């Protein structure tokens, strides 16, 4: 299933996201506190979007071909990018609200994030080889500014909170730092880049990163005392 058997990872991704979503829905039933309810809506939406993306890729809706200037043809799962465009801002929104960061601060970070994702999409769609890597590079650079500001700006914002909140912040921050940094690598090593691995390994890698960065993150956030329970 798929082009070279990567269907299994799409199915598992769909399953992981679907069940992560339902779990988050279930745990949010009791909640009436408006702030806590916002956290829930955000964190439910993240795996929902990802579920829809995974589901569509599994059936082949989010897949296209790109002929490069050097003749090589790349299978591009563009739905991934549609996923990223929406879920990563929500993720920043989630940790922002937890951090007590200002609307200005969150917006700024969402901007950089959008640049990151879109530049990535541009990199993936470009048929000129050097340009692919130039876009990928620009994107990776902007990811660094993003991660830096997450640490410095969101970190500053949370610093007046109690030890429990700051501790949850650091844990989520660390999930972002580690897993987000691997995304550009996955692209570099997979079929969109150097093609050191095929579609099968690339999809597996994205699936793990996706599950950790969304379901795992969501889990840590919703079970924290910081969101009031």
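Residue numbers count along the first chain shown, from 1.
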Between the two ranges 173 to 181 and 23 to 31, the one averaging a larger CA B factor in the entry: 23 to 31
Which of 148 to 156 and 112 to 120 has higher mean CA B factor, as the PDB entry lists it: 148 to 156
Peak C-alpha temperature factor (PDB record), options 186, 204, 195, 50: 195
Lowest, middle or highest third - CA B-factor, residue 135: lowest
Chain-wide C-alpha B factor ranking for residue 45, given as lowest, middle or highest third: lowest
Where the record places residue 76 (Cα B-factor, split into thirds across the chain): highest
Third assignment of residue 106 from its chain's C-alpha B-factors: lowest
Third of the chain's Cα B-factor distribution that residue 126 belongs to, per the entry: highest
